[PDB]
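Given next are the chains, with one letter for each unit.
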Amino acid sequence: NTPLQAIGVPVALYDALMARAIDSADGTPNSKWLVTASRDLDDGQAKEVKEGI
Amino acid sequence: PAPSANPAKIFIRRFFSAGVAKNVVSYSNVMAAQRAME
């Protein structure tokens with residue numbers, strides 16, 4: 001007759017949520033500004049635009 | 001003192017039967033109390 005009898009569900013749920021958190025912490029790109037040019041930009045001044053940004 | 005004649009003979013007549021050793025709690029209640037301990 002121990003408390004460990006009735007906490008299997010919550011401890012498993014806690015571990016599942018924390019594993020999700022760890023996995024999503026590293027793996028989600030942390031970059032902003034998804035900038036996209038067009039398919040007519042003389043790739044070579046697209047690099048110039050990128051360096052400017 | 002003790003008169004030995006109570007009015008609860010209403011059930012042993014037919015509603016119950018003597019000399020059978022009936023259990024005190026339904027099995028469903030036992031299982032419910034069991035899984036309610038987890």
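Residues numbered from 1 in each chain as written, not as in the entry; some residues may be left out. Chains lettered and ligands numbered in written order. Part of a larger assembly, values for the part shown. Heavy atoms only, no water.

For this structure, the PDB entry title reads "Portal assembly of Agrobacterium phage Milano".

In the annotation of the PDB entry, chain A is listed under the name Portal protein, gp7 and assigned to Agrobacterium phage Milano.

*Asks:* Please explain the overall build of chain A as it appears in this structure.
*Replies:* Looking only at helices and strands, chain A has two helices and zero strands in total. Computed over C-alpha atoms, the radius of gyration of chain A comes to 24 Å, more than 25% over the 10 Å expected from 2.2 N^0.38 for 53 residues, which places it beyond the range of a compact globule. Judged by the C-alpha coordinates and their principal axes, chain A covers about 75 × 20 × 10 Å. By the burial criterion, 0% of the 53 residues in chain A qualify as buried. A total of about 5400 Å² of accessible surface is found on chain A, and carbon and sulfur atoms cover 58% of it. Within chain A, one finds 5 positive and 8 negative side-chain charges whose respective centroids are separated by 2 Å. (Helix = DSSP H or I, 4+ residues; strand = E, 2+ residues; numbered from the N terminus. Rg over C-alpha atoms; globule rule 2.2 N^0.38 Å. Buried < 20%, exposed > 50% of the residue type's maximum accessible area, 1.4 Å probe, protein only. Areas by Shrake-Rupley, 256 points an atom, 1.4 Å probe, with all protein chains shown as cover. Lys, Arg positive; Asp, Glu negative; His and termini not counted. Charge placed at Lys NZ, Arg CZ, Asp CG, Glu CD.)

*Asks:* Would you explain the overall build of chain B in this entry?
*Replies:* Counting secondary structure elements, chain B contains two helices and zero strands. For chain B, the C-alpha atoms occupy an extent of roughly 50 × 25 × 15 Å along the three principal directions. Within chain B, buried positions represent 0% of all 38 residues. With an accessible surface of roughly 3900 Å², chain B has 63% of that area assigned to carbon and sulfur atoms.

*Asks:* Even after reading the chapter, I still don't get the environment of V24 of chain B, so can you show me in this structure?
*Replies:* Note on placement: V24 of chain B falls in the loop between α1 (9–12) and α2 (27–35). Linking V24 of chain B and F11 of chain B, residues 13 residues apart in sequence, is a C-alpha distance of 16 Å.

*Asks:* For this particular structure, what's the right way to read unusual backbone geometry?
*Replies:* Leaving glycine out, the prevailing phi sign among residues is negative, and the prevailing peptide bond configuration is trans. The phi dihedral of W33 of chain A is positive, around 60°, even though this residue is not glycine. With respect to the secondary-structure elements, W33 of chain A resides in the loop between α1 (8–25) and α2 (42–52). The backbone of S4 of chain B shows a phi angle near 65°, a positive value even though the residue is not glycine. As for its placement among the helices and strands, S4 of chain B is situated in the segment before α1. We classify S4 of chain B as exposed; its relative accessible area is 74%.

*Asks:* Explanation requested: the packing of aromatic side chains in the structure shown.
*Replies:* Aromatic rings considered in pairs are described by the distance between their centres and by the relative angle of their planes. All names here are of chain B. For the coordinates displayed, the defined rule picks out two aromatic pairs over all chains. Centre to centre, the rings of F15 and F16 are 5.5 Å apart; their planes meet at 40°, and the pair counts as tilted. Site record: aromatic cluster; members linked through ring pairs are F11, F15 and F16. (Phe/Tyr/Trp six-rings, centres within 6.5 Å; stacked < 30°, edge-to-face > 60°.)

*Asks:* How should α1 of chain A be read in this particular structure?
*Replies:* Side chains of residues three or four places apart in an α-helix project in the same direction, reflecting 3.6 residues per turn. With 18 residues, α1 of chain A should reach 26 Å at 1.5 Å per residue; the first-to-last C-alpha distance of 26 Å fits that figure. One or two steps after α1 of chain A, the chain reaches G27 of chain A, where phi turns positive at roughly 140°. (Expected span 1.5 Å × (residues − 1).)

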